[PDB]
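Structure data follow from target10.pdb (PDB, C-alpha atoms):
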```pdb
ATOM      1  CA  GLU P   1       0.000   0.000   0.000  1.00  0.00           C
ATOM      2  CA  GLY P   2       1.585   3.200  -1.219  1.00  0.00           C
ATOM      3  CA  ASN P   3       0.666   6.481   0.329  1.00  0.00           C
ATOM      4  CA  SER P   4      -2.393   8.442  -0.668  1.00  0.00           C
ATOM      5  CA  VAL P   5      -0.608  11.680  -1.549  1.00  0.00           C
ATOM      6  CA  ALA P   6       1.235   9.930  -4.366  1.00  0.00           C
ATOM      7  CA  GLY P   7      -2.163   8.569  -5.308  1.00  0.00           C
ATOM      8  CA  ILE P   8      -3.565  12.103  -5.282  1.00  0.00           C
ATOM      9  CA  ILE P   9      -0.560  13.451  -7.197  1.00  0.00           C
ATOM     10  CA  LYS P  10      -0.699  10.710  -9.833  1.00  0.00           C
ATOM     11  CA  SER P  11      -4.470  10.678 -10.336  1.00  0.00           C
ATOM     12  CA  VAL P  12      -4.505  14.459 -10.767  1.00  0.00           C
ATOM     13  CA  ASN P  13      -1.530  14.446 -13.154  1.00  0.00           C
ATOM     14  CA  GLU P  14      -3.188  11.874 -15.437  1.00  0.00           C
ATOM     15  CA  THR P  15      -6.399  13.866 -15.828  1.00  0.00           C
ATOM     16  CA  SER P  16      -7.224  16.261 -18.644  1.00  0.00           C
ATOM     17  CA  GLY P  17      -8.390  19.804 -18.010  1.00  0.00           C
ATOM     18  CA  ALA P  18     -11.917  19.075 -19.222  1.00  0.00           C
ATOM     19  CA  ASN P  19     -12.729  16.270 -16.765  1.00  0.00           C
ATOM     20  CA  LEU P  20     -10.714  17.711 -13.881  1.00  0.00           C
ATOM     21  CA  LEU P  21     -13.339  19.293 -11.630  1.00  0.00           C
ATOM     22  CA  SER P  22     -15.760  16.482 -12.422  1.00  0.00           C
ATOM     23  CA  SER P  23     -13.271  13.949 -11.067  1.00  0.00           C
ATOM     24  CA  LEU P  24     -12.106  15.633  -7.872  1.00  0.00           C
ATOM     25  CA  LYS P  25     -14.601  13.901  -5.579  1.00  0.00           C
ATOM     26  CA  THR P  26     -13.388  10.610  -7.017  1.00  0.00           C
ATOM     27  CA  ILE P  27      -9.826  11.450  -5.968  1.00  0.00           C
ATOM     28  CA  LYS P  28     -11.064  12.943  -2.684  1.00  0.00           C
ATOM     29  CA  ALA P  29     -12.775   9.671  -1.778  1.00  0.00           C
ATOM     30  CA  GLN P  30     -10.104   7.351  -3.176  1.00  0.00           C
ATOM     31  CA  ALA P  31      -7.568   8.887  -0.787  1.00  0.00           C
ATOM     32  CA  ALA P  32      -9.848   8.874   2.222  1.00  0.00           C
ATOM     33  CA  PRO P  33      -8.725   6.775   5.187  1.00  0.00           C
ATOM     34  CA  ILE P  34     -10.572   3.527   5.739  1.00  0.00           C
ATOM     35  CA  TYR P  35     -13.147   3.809   8.516  1.00  0.00           C
ATOM     36  CA  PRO P  36     -14.396   0.220   8.601  1.00  0.00           C
ATOM     37  CA  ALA P  37     -18.082  -0.518   8.557  1.00  0.00           C
ATOM     38  CA  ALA P  38     -20.191  -1.496  11.550  1.00  0.00           C
ATOM     39  CA  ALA P  39     -20.460  -5.218  10.874  1.00  0.00           C
ATOM     40  CA  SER P  40     -22.954  -7.822  12.063  1.00  0.00           C
ATOM     41  CA  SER P  41     -23.085  -8.389  15.792  1.00  0.00           C
ATOM     42  CA  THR P  42     -21.814 -11.880  16.825  1.00  0.00           C
ATOM     43  CA  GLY P  43     -22.185 -11.027  20.477  1.00  0.00           C
ATOM     44  CA  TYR P  44     -20.503 -12.470  23.564  1.00  0.00           C
ATOM     45  CA  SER P  45     -17.159 -13.855  22.357  1.00  0.00           C
ATOM     46  CA  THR P  46     -15.229 -16.893  23.617  1.00  0.00           C
ATOM     47  CA  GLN P  47     -13.420 -14.942  26.324  1.00  0.00           C
ATOM     48  CA  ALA P  48     -16.562 -12.915  26.999  1.00  0.00           C
ATOM     49  CA  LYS P  49     -18.426 -16.122  27.797  1.00  0.00           C
TER      50      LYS P  49
ATOM     51  CA  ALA Z   1     -26.267  26.415 -61.044  1.00  0.00           C
ATOM     52  CA  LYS Z   2     -27.707  27.745 -57.790  1.00  0.00           C
ATOM     53  CA  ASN Z   3     -24.659  26.405 -55.945  1.00  0.00           C
ATOM     54  CA  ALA Z   4     -22.254  27.893 -58.518  1.00  0.00           C
ATOM     55  CA  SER Z   5     -21.438  30.801 -56.211  1.00  0.00           C
ATOM     56  CA  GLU Z   6     -20.047  28.236 -53.778  1.00  0.00           C
ATOM     57  CA  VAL Z   7     -18.059  26.615 -56.607  1.00  0.00           C
ATOM     58  CA  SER Z   8     -16.249  29.896 -57.239  1.00  0.00           C
ATOM     59  CA  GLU Z   9     -15.311  30.590 -53.606  1.00  0.00           C
ATOM     60  CA  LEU Z  10     -13.596  27.231 -53.181  1.00  0.00           C
ATOM     61  CA  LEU Z  11     -11.607  27.976 -56.334  1.00  0.00           C
ATOM     62  CA  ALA Z  12     -10.512  31.267 -54.771  1.00  0.00           C
ATOM     63  CA  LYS Z  13      -9.724  29.879 -51.303  1.00  0.00           C
ATOM     64  CA  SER Z  14      -7.666  27.002 -52.695  1.00  0.00           C
ATOM     65  CA  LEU Z  15      -5.616  29.655 -54.494  1.00  0.00           C
ATOM     66  CA  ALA Z  16      -5.744  31.951 -51.443  1.00  0.00           C
ATOM     67  CA  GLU Z  17      -4.492  29.380 -48.932  1.00  0.00           C
ATOM     68  CA  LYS Z  18      -1.816  28.390 -51.449  1.00  0.00           C
ATOM     69  CA  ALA Z  19      -0.523  31.945 -51.738  1.00  0.00           C
ATOM     70  CA  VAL Z  20       3.062  32.751 -52.632  1.00  0.00           C
ATOM     71  CA  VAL Z  21       5.097  35.670 -51.317  1.00  0.00           C
ATOM     72  CA  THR Z  22       6.406  38.106 -53.939  1.00  0.00           C
ATOM     73  CA  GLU Z  23       9.250  40.489 -53.175  1.00  0.00           C
ATOM     74  CA  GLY Z  24      10.293  42.314 -56.343  1.00  0.00           C
ATOM     75  CA  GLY Z  25       7.707  40.989 -58.747  1.00  0.00           C
ATOM     76  CA  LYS Z  26       9.312  37.563 -58.633  1.00  0.00           C
ATOM     77  CA  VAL Z  27       8.323  35.004 -56.024  1.00  0.00           C
ATOM     78  CA  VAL Z  28      10.608  33.860 -53.229  1.00  0.00           C
ATOM     79  CA  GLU Z  29       9.939  30.138 -53.274  1.00  0.00           C
ATOM     80  CA  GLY Z  30      11.151  28.304 -50.232  1.00  0.00           C
ATOM     81  CA  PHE Z  31       9.893  31.118 -47.994  1.00  0.00           C
ATOM     82  CA  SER Z  32       8.138  30.073 -44.796  1.00  0.00           C
ATOM     83  CA  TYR Z  33       6.038  32.553 -42.839  1.00  0.00           C
ATOM     84  CA  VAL Z  34       3.964  31.922 -39.718  1.00  0.00           C
ATOM     85  CA  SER Z  35       0.684  33.821 -39.529  1.00  0.00           C
ATOM     86  CA  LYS Z  36      -0.674  35.854 -36.632  1.00  0.00           C
ATOM     87  CA  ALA Z  37      -3.541  33.388 -36.344  1.00  0.00           C
ATOM     88  CA  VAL Z  38      -1.179  30.421 -36.410  1.00  0.00           C
ATOM     89  CA  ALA Z  39       1.025  32.028 -33.770  1.00  0.00           C
ATOM     90  CA  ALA Z  40      -2.030  33.032 -31.754  1.00  0.00           C
ATOM     91  CA  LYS Z  41      -3.010  29.379 -31.453  1.00  0.00           C
ATOM     92  CA  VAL Z  42       0.514  28.512 -30.310  1.00  0.00           C
ATOM     93  CA  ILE Z  43      -0.002  31.095 -27.573  1.00  0.00           C
ATOM     94  CA  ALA Z  44      -3.513  29.886 -26.757  1.00  0.00           C
ATOM     95  CA  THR Z  45      -2.657  26.190 -26.478  1.00  0.00           C
ATOM     96  CA  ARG Z  46       0.340  27.128 -24.360  1.00  0.00           C
ATOM     97  CA  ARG Z  47      -1.764  29.377 -22.135  1.00  0.00           C
ATOM     98  CA  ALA Z  48      -4.224  26.504 -21.864  1.00  0.00           C
ATOM     99  CA  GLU Z  49      -1.746  23.787 -20.932  1.00  0.00           C
ATOM    100  CA  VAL Z  50      -0.049  25.976 -18.331  1.00  0.00           C
ATOM    101  CA  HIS Z  51      -3.404  26.957 -16.854  1.00  0.00           C
ATOM    102  CA  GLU Z  52      -4.217  23.255 -16.612  1.00  0.00           C
TER     103      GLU Z  52
END
```
Written as C-alpha cells, how would this file's structure read?
Amino acid sequence: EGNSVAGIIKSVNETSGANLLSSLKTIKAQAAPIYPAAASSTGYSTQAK
Amino acid sequence: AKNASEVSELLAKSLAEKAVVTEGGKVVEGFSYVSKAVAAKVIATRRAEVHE
C-alpha cells in the first residue's frame, strides 16, 4: 500500500483539463482513510463467555 | 447552377491558402512565414496547458 498523496498526485496528473473538476470527488474519496463498517453483531465472544 | 457561387469561392480559397510571397515581382519560393492566427493558437494552447 503506497501512500495516498502519491495517489492524489498521480491521479490528478493523469487527468485532462476538461474532466478535472468532475473527477475531484473521485480522488477525494479514493484517498480517504478507511473507517471500517459497523459489521454484524456476533455477540458475547469466547473470552466474553 | 444555384450552388455555382459556392463553386467559385472554393476555387478562390484554394488559391488563397496556397498563396506565394512576392518580393520584387518575382516570387521567393522556399519562404516560410507563420501567420498571426497560427502564432495566436501557439499562444492559446500554451496558455491553456499551463493553466491546466
Separation of atom CA of residue 51 of chain Z and atom CA of residue 17 of chain P, in Å?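 Separation between atom CA of residue 51 of chain Z and atom CA of residue 17 of chain P: 8.8 Å.
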Could you expand the PyMOL selection byres ((chain Z) within 12 of (chain P)) into the explicit residues it covers here, written as a PyMOL selection string? chain Z and resi 48-52
Could you please determine the separation between atom CA of residue 29 of chain P and atom CA of residue 9 of chain P in Å, to one decimal place?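 About the pair atom CA of residue 29 of chain P and atom CA of residue 9 of chain P: they are 13.9 Å apart.
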What are the centre and the three edge lengths of an axis-aligned box that wraps all atoms of segment 9-28 of chain P in the file, given that 3 Å is added to every side, written as JSON and rounded to one decimal in Å?
```
{"center_x": -8.2, "center_y": 15.2, "center_z": -11.0, "size_x": 21.2, "size_y": 15.2, "size_z": 22.5}
```
Provide the atom CA of residue 33 of chain Z to atom CA of residue 13 of chain Z distance in Å, to one decimal place.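 For atom CA of residue 33 of chain Z relative to atom CA of residue 13 of chain Z, the distance reads 18.1 Å.
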Give as a tab-separated table (two decimals) with C-alpha atoms, in the coordinates of the input the residues that the PyMOL selection byres ((chain P and resi 11) around 10) matches when applied to the coordinates above.
```tsv
chain	number	residue	atom	x	y	z
P	5	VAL	CA	-0.61	11.68	-1.55
P	6	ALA	CA	1.24	9.93	-4.37
P	7	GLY	CA	-2.16	8.57	-5.31
P	8	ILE	CA	-3.56	12.10	-5.28
P	9	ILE	CA	-0.56	13.45	-7.20
P	10	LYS	CA	-0.70	10.71	-9.83
P	12	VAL	CA	-4.50	14.46	-10.77
P	13	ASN	CA	-1.53	14.45	-13.15
P	14	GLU	CA	-3.19	11.87	-15.44
P	15	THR	CA	-6.40	13.87	-15.83
P	23	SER	CA	-13.27	13.95	-11.07
P	24	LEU	CA	-12.11	15.63	-7.87
P	26	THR	CA	-13.39	10.61	-7.02
P	27	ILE	CA	-9.83	11.45	-5.97
P	30	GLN	CA	-10.10	7.35	-3.18
```
How would you write, as a PyMOL selection string, the residues chosen by the PyMOL selection byres ((chain Z and resi 31) around 10) on this structure? chain Z and resi 20-22+27-30+32-33
